[PDB]
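Undergrad:
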Amino acid sequence: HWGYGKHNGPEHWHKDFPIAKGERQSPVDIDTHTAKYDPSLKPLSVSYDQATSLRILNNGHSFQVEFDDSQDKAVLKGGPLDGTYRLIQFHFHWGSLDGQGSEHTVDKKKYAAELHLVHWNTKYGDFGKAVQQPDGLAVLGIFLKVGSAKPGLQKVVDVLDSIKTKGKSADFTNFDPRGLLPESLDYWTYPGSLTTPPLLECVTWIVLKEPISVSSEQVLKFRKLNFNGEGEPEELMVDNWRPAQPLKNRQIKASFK
Ligand SMILES: CCc1cc2c(cc1OS(N)(=O)=O)CC[C@@H]1[C@@H]2CC[C@]2(C)[C@@H](O)CC[C@@H]12
Ligand SMILES: [Zn+2]
């Protein structure tokens, strides 16, 4: 029954999911001055040329674009990662206003939205086993700011009216997630968690420094989605972000000087 409202939002999650108050929770504020450049970080490799999207789904908390992960296609490796991680889905978090919506913050700055490209460590065979491991997932996080439109996002925006409500899905093939990436792959990285229940501490976070720009019209369409199912009172899907959590005993590393 978790969600993002007053009675079931982030401050309530710890009752059903005690790990909410754990030692490696996400998101976090990225203090850019305290993050240390790490020249030990191997180069970061995003190989999406063969990515094959299947479907887009309103899951009641966000919308997600799913990929066929049954073959070695669409892999993230290098950077802080050992081994190879396979793309399974992407989704977003966003606000009711352009001044909020991101989960991670940068020197307390909130972006209008945040994209999560979720990948699982192939050493664990599939996603459900990977999330039970401390190094099971790698999530590539990309900030969105409102400005120029992102042409590569438009195909996603245009299908949203077909999945307005919780539980609706639509075929969504041939979508190329390379169109959602900024020019630079400079990043911050730290060990953390899923940002929604069950809040499992299984994620290596890789957060790109360079945001992508999307237009006001594009994010406005995100905000027309509904948290509710069809035939239920309309509740706009907005502010589906968890706030920053305590850093505790963790160091954020930068790939750049
Ligand atoms: C693993 C990253 C992941 C996946 C999902 C969410 C959150 C997630 O963590 S995060 N934000 O990348 O750190 C929130 C909604 C989830 C979704 C995938 C699985 C679902 C559970 C759907 O079945 C229904 C709700 C969906
Ligand atoms: Zn997410």
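Numbering (UniProt numbering), first residue to last: 4 to 260. Cβ coordinates follow ideal geometry from the N, Cα and C atoms, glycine included.
Of the residues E237, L57 and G234, which one's Cα is nearest the Cα of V159?
TA: Out of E237, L57 and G234, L57 has the C-alpha closest to the C-alpha of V159.
Undergrad: Under a three-way DSSP split, which group does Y127 fall into?
TA: Three-state DSSP puts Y127 in a helix.
Undergrad: In whole angstroms, give me the CA-to-CA distance for residue 289 and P200.
TA: Outside the shown range of the chain, which is 4 to 260, sits residue 289, and nothing can be said about it.
Undergrad: With three or more C-beta pairs closer than 8 Å as the rule, is the region 163-177 touching the region 115-132?
TA: Judged by Cβ distances under 8 Å, the region 115-132 makes no contact with the region 163-177, as fewer than three pairs qualify.
Undergrad: Name the residue from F66, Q28 and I22 whose alpha carbon lies nearest to the alpha carbon of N231.
TA: Of the candidates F66, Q28 and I22, the one whose C-alpha sits nearest the C-alpha of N231 is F66.
Undergrad: Considering only the alpha carbon of each residue, which of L239, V49, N61 and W191 lies closest to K260?
TA: Nearest of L239, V49, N61 and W191 to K260, Cα basis: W191.
Undergrad: Considering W244, what are the terminal residues of the beta strand (DSSP E) in which it resides?
TA: Note, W244: premise wrong, no beta strand (DSSP E); not H, not E.
Undergrad: Identify every residue that forms a DSSP beta bridge with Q92.
TA: Paired residue(s): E69 and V121.
Undergrad: Just checking, does the region 46-57 make contact with the region 148-156 on the three C-beta pairs under 8 Å criterion?
TA: Output reads no: the region 148-156 does not touch the region 46-57.
Undergrad: What residues sit near ligand 2, counting only those whose C-beta is closer than 6 Å to one of its heavy atoms, in chain order?
TA: Taking each Cβ in turn, the ones that pass are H94, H96, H119 and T198.
Undergrad: Name the DSSP bridge partner or partners of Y40?
TA: DSSP output for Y40 lists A257 as bridge partner(s).
Undergrad: Three or more C-beta pairs closer than 8 Å, one from the region 14-34 and one from the region 243-260: is that the case here?
TA: The region 14-34 vs the region 243-260: in contact.
Undergrad: Between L60 and the rest of its own chain, which residues show a CB-CB distance below 6 Å, the 5 nearest in sequence each way excluded?
TA: The residues are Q67 and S172.
Undergrad: Does the Cβ of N177 have 16 or more other Cβ atoms within 10 Å, making it buried, or fewer, making it exposed?
TA: Exposed, since its Cβ has fewer than 16 Cβ neighbours within 10 Å.
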